[PDB]
Amino acid sequence: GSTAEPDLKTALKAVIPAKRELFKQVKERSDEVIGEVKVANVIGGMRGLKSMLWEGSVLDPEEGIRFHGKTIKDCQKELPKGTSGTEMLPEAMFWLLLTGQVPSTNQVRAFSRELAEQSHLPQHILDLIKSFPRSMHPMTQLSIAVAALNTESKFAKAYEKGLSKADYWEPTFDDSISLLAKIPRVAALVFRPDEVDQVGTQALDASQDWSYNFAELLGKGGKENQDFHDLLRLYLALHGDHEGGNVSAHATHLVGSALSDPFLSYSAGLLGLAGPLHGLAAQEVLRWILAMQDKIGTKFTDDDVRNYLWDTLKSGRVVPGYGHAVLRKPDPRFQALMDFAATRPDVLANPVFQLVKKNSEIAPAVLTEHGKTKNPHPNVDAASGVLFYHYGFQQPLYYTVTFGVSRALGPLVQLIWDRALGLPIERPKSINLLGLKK
Amino acid sequence: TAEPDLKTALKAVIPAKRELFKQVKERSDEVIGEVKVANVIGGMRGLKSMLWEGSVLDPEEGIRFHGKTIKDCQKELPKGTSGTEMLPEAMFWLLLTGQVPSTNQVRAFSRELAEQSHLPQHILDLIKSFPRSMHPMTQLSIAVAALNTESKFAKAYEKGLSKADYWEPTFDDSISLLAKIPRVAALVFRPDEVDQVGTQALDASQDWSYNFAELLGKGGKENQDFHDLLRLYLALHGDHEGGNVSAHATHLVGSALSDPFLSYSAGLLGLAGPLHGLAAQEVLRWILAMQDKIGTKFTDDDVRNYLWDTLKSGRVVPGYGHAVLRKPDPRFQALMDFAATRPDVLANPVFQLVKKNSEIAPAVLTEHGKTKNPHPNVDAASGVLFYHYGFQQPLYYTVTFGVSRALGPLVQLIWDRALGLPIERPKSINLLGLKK
Ligand SMILES: CC(C)(COP(=O)(O)OP(=O)(O)OC[C@H]1O[C@@H](n2cnc3c(N)ncnc32)[C@H](O)[C@@H]1OP(=O)(O)O)[C@@H](O)C(=O)NCCC(=O)NCCS
Ligand SMILES: O=C([O-])CC(=O)C(=O)O
């Protein structure tokens with residue numbers, strides 16, 4: 001007889017009927033008015049309009065993101081850690097997002113083993129990646145390679161053969177796990193174009209966690225890189241989900257709603273994450289900080305930072321990494337990253353980190369006095385790029401690739417639930433300016 | 001001696017649109033609708049929540065393009081140097097500017113599209129890496145994204161571009177993608193001829209549909225009937241307001257300032273879905289499977305039995321239903337009217353089966369009681385007309401839709417950037433939050 005606790009699919013099966021029951025109850029109230037649509041919502045990219053379902057996370061505009069009601073600090077305490085290190089595992093975060101429950105350490109160990117076993121790639125993906133020119137932006141590469149993995153889609157094949165609507169969730173789950181397992185390897189291939197043959201075939205240690213094995217594929221394996229492993233765990237867990245309305249989450253849900261499989265759907269998500277106003281912001285923050293360091297020097301005072309911020313604003317440009325579309329108060333994800341740095345003397349001594357820290361103390365008041373930026377707290381993008389830079393990722397165009405790995409987590413969870421609940425195609429109505437004029 | 005070109009014609013109508021936009025924005029606080037639980041749990045169905053300038057879909061009347069019906073466009077838009085069907089590049093002109101171009105203007109724009117059609121070597125190399133198992137829409141989506149190496153917008157933005165000047169590089173990239181996408185599509189159709197098809201000159205005097213046909217191996221005077229089908233087809237599928245998945249995904253990814261190549265790649269990944277553009281492929285597979293089961297000599301009840309088998313199996317009847325339309329789709333009727341004057345098409349047994357199913361399936365769907373619209377959509381009829389003209393692999397049918405559906409969404413990206421529309425970012429909620 002087996003000794004193991006329930007695996008992830010089994011844990012999911014245990015909670016599907018309860019969610020379907022809740023859905024049925026909500027659907028009885030279909031006709032209830034919950035809001036107003038204004039002209040502003042139409043011309044303003046649906047800002048503030050409650051118009052989509054998302055189960056795993058809810059952004060409290062006053063307190064930051066919660067995952068099934070849990071704060072970041074709650075998850076940091078409760079979720080399992082790796083065999084070494086102190087940071088919460090992203091694969092534990094996935095478990096939580098999907099099931100609504102905190103897994104045991106033993107359950108996470110078993111799930112980590114599955115992810116290691118399912119990480120190999122078809123040879124055509126290696127051929128595809130070798131065809132990319134050096135001029136191709138790393139996010140273009142990543143989006144294409146993920147779409148190309150649709151050759152491996154169980155959902156696409158099952159649907160082509162004739163699949164009942166009731167049976168959509170299971171192959172969606174299977175494809176989601178497959179994509180999760182493979183995406184760090186794909187991302188490593190984007191980072192390491194001269195090592196595609198080795199990185200693309202190397203066996204992972206099946207007893208190590210997803211972030212550790214990503215690090216190994218990036219060339220940062222072993223005990224000497226233990227702090228980087230913990231950075232990566234924390235980073236990947238923090239960026240996994242940020243409710244449904246952000247562009248990458250939304251795009252994934254939207255394309256998935258037409259019953260495109262999870263590889264095509266998350267490829268659309270990645271194309272959104274490649275936008276300057278969404279996932280590329282972390283790349284822009286770090287470029288901006290290095291350009292500030294170049295102009296003010298390393299002897300900088302508070303006044304030098306204040307003057308630089310004012311010059312930036314007087315020039316009609318933004319201070320990147322400050323502000324948010326929805327959250328109006330300090331980002332707990334930002335604080336989590338700064339607290340990771342607090343206990344690492346080598347990071348605290350990095351002059352580029354010291355500049356990020358000082359800027360985070362001074363900028364919010366300057367931005368407030370200026371009055372053009374709403375919600376002028378530092379967001380998580382203020383800190384993430386510098387931490388990667390510290391650990392030797394100093395290629396200006398690659399920072400969003402790691403975000404792409406993380407942001408598979410939440411949107412894939414919602415695709416599984418979308419299919420389990422039977423949600424229909426996302427298809428709103430449009431109107432033209434003439435029609436709004438009356 | 002030359003009439004205004006497309007960019008110039010666009011520049012002339014931008015100020016009036018910006019004036020209209022300002023007038024609308026003064027009324028930002030006007031309530032125009034209600035959000036209900038149904039809208040949240042039901043994929044935004046019935047929620048009027050996004051802007052789209054070039055077309056507006058009436059649930060009862062079908063699509064209008066700047067207030068014009070399909071029949072209006074068929075009569076008014078310029079034709080090719082041969083044939084009687086409206087040109088898709090004329091449709092693009094109309095969608096973008098709001099004005100019907102002269103024939104001379106269309107001829108000049110067609111020549112630009114032919115000139116801008118060539119592909120860089122790395123795109124040919126990428127395509128030759130595709131395995132034979134790869135679905136044609138996966139191929140098309142990837143190759144379009146890969147063309148982002150050629151994006152003027154992406155490069156200009158990276159260098160520092162003022163918001164007021166976003167539209168011009170967006171326009172330039174849109175035209176580049178339009179010019180290139182039929183050649184990309186032909187490479188998907190012709191995997192063993194990438195080197196030749198990927199470099200061959202287009203006929204500089206011919207229209208966009210003609211040159212697509214030639215790249216597909218259906219050039220010349222002997223294929224003039226097919227060129228007219230293709231013109232009509234490409235024009236009909238160009239735009240269907242903003243809320244369809246491919247249009248919406250293009251707008252959504254574009255709204256984060258991803259360039260037109262990345263944004264329309266996202267559109268194509270949506271168009272690849274069984275409930276959206278892949279339904280054209282799905283229809284013909286289902287029609288052929290029905291023909292195989294019921295035979296050559298069959299009754300109405302044999303067709304009914306096949307429809308009910310599909311429904312009882314938990315599957316959709318492809319080519320029936322629509323998110324917005326509540327009557328038979330006038331794009332469907334335009335394709336059936338194309339067939340109506342061609343005795344060889346009407347006599348094709350696969351066409352006869354599509355026609356018979358269109359007389360039976362709406363009643364079956366009504367009896368079943370799930371669908372809000374039992375009537376045929378355009379996907380019921382498109383694939384069989386390609387089949388008749390010799391395109392007999394249904395896994396490629398959506399690729400031609402991919403070529404057509406660049407037209408409308410690229411127009412809206414240009415206007416999105418000209419007007420300065422912001423990122424699309426709704427708010428979500430969980431079921432527990434709706435229950436409270
Ligand atoms: C076009 C389509 C996606 C619109 O979706 P929609 O707006 O959610 O459709 P409805 O409001 O009519 O859906 C209500 C129910 O009817 C079902 N239904 C709709 N069209 C159907 C069809 N053609 N065959 C079987 N069932 C259908 C839906 O799947 C849904 O099921 P549920 O309530 O049991 O969960 C849908 O009609 C469809 O799937 N059609 C077949 C695919 C197709 O032809 N697509 C191309 C459209 S141009
Ligand atoms: O939430 C948003 O709108 C943007 C986002 O994904 C993030 O901040 O992680």
Side-chain angles (χ1 to χ4, degrees), chain A residues 22 26 29-30 32-40 42 45-46 49-52 54-55 58 124 127-128 131 133 135-136 140 144 147 150-151 164-166 243-245 247 251 254-255 258-260 264 267-268 271-272 274-278 325 424-433 436, chain B residues 20 24 27-28 30-38 40 43-44 47-53 56 122 125-126 129 131 133-134 138 141-142 145 148-149 241-243 245 249 252-253 256-258 262 265-266 269-270 272-276 314 323 422-431 434:
Chain A
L22 180 57
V26 165
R29 294 160 56 172
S30 277
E32 264 184 30
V33 170
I34 59 169
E36 294 186 326
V37 187
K38 292 173 188 205
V39 167
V42 175
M46 302 175 194
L49 201 60
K50 271 195 209 167
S51 58
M52 69 187 289
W54 200 265
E55 295 297 290
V58 178
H124 78 86
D127 295 335
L128 180 71
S131 84
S135 68
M136 183 178 280
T140 306
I144 287 170
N150 131 294
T151 62
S164 164
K165 184 186 284 207
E243 91 162 33
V247 170
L254 171 56
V255 163
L259 301 184
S260 293
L264 302 182
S267 179
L271 294 164
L277 303 185
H278 187 28
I425 194 167
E426 174 169 311
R427 210 298 185 200
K429 189 75 177 55
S430 61
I431 188 156
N432 55 347
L433 286 177
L436 293 173
Chain B
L20 179 59
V24 166
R27 293 159 55 178
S28 278
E30 261 181 32
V31 173
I32 58 169
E34 291 172 332
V35 187
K36 290 169 173 212
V37 167
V40 175
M44 301 180 187
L47 200 58
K48 200 169 278 190
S49 59
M50 67 185 293
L51 202 67
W52 201 265
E53 293 299 284
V56 183
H122 78 86
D125 295 343
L126 176 96
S129 84
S133 70
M134 181 181 280
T138 306
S141 302
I142 289 166
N148 130 291
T149 60
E241 88 159 28
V245 168
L252 172 57
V253 162
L257 301 190
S258 295
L262 300 185
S265 182
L269 292 164
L275 303 182
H276 185 31
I423 194 167
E424 178 169 308
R425 212 290 183 201
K427 185 79 171 53
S428 63
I429 190 156
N430 56 345
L431 288 173
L434 294 171

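Protein chains get the first letters and strands the later ones, always in sequence-line order, with residue 1 at the start of each. All values below were derived from every heavy atom in this structure, side-chain atoms included, with hydrogens, water molecules and symmetry-related copies excluded.
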Item to check | When A:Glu36, A:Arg29, A:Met136, A:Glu243 are compared by non-hydrogen pairs under 4.5 Å with chain B, the top option | outcome: A:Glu243
Item to check | Audit row: B:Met44, B:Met50, side chain to side chain contact (heavy atoms under 4.5 Å, CB included) steps and yes/no | outcome: CA-CA 11 Å; B:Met44 301 180 187; B:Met50 67 185 293; over 6 Å; no
Checklist entry - What are the two closest heavy atoms between A:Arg427 and B:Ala323, and how far apart are they? => result CG-CB, 3.5 Å
Checklist entry - When only pairs under 4.5 Å are counted, which of B:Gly273, B:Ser428, B:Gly314 shares the most heavy-atom pairs with chain A? => result B:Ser428
Item to check | Side chain, backbone, both or neither of A:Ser51 within contact of chain B (heavy atoms, under 4.5 Å) | outcome: both
Item to check | For chain A, the option from B:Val56, B:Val31, B:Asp125 that forms the most heavy-atom pairs under 4.5 Å | outcome: B:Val31
Checklist outcome for this item: Of A:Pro133, A:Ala147, A:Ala274, A:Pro428, the largest count of non-hydrogen pairs under 4.5 angstrom with chain B goes to A:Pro428
Next on the checklist: According to salt bridge (charged side-chain N to carboxylate O under 4.0 Å, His left out), who are the partners of A:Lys38, at least two apart in sequence or on a separate chain?
Outcome noted: B:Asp29
Next on the checklist: For chain A, which candidate among B:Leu434, B:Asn148, B:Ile429 shows the most heavy-atom pairs at distances under 4.5 Å?
Outcome noted: B:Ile429
Checklist entry - Between B:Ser129, B:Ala249, B:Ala256, which residue shows the highest count of heavy-atom pairs closer than 4.5 Å to chain A? => result B:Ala256
Checklist entry - Any donor and acceptor pair, going by atom type alone, linking the side chain of A:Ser260 with main-chain N or O of B:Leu269 inside 3.5 Å? => result yes
Item to check | Non-neighbouring partners of B:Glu424 that pass salt bridge (charged side-chain N to carboxylate O under 4.0 Å, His left out), sequence neighbours left out | outcome: none
Checklist entry - Do B:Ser265 side-chain atoms and B:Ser141 backbone N/O form a donor-acceptor pair below 3.5 Å? => result yes
Next on the checklist: Looking at chain A, which one of B:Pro274, B:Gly242, B:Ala38 has the largest number of heavy-atom pairs inside 4.5 Å, strictly under?
Outcome noted: B:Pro274
Checklist entry - In terms of heavy-atom pairs under 4.5 Å, which option from B:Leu252, B:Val253, B:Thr149 contacts chain A the most? => result B:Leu252
Checklist entry - If only atom types and distance count, is the side chain of B:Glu53 paired as donor or acceptor with the main-chain N or O of A:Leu433 below 3.5 Å? => result yes
Item to check | A:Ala166, part contacting chain B, at a heavy-atom distance under 4.5 Å | outcome: neither
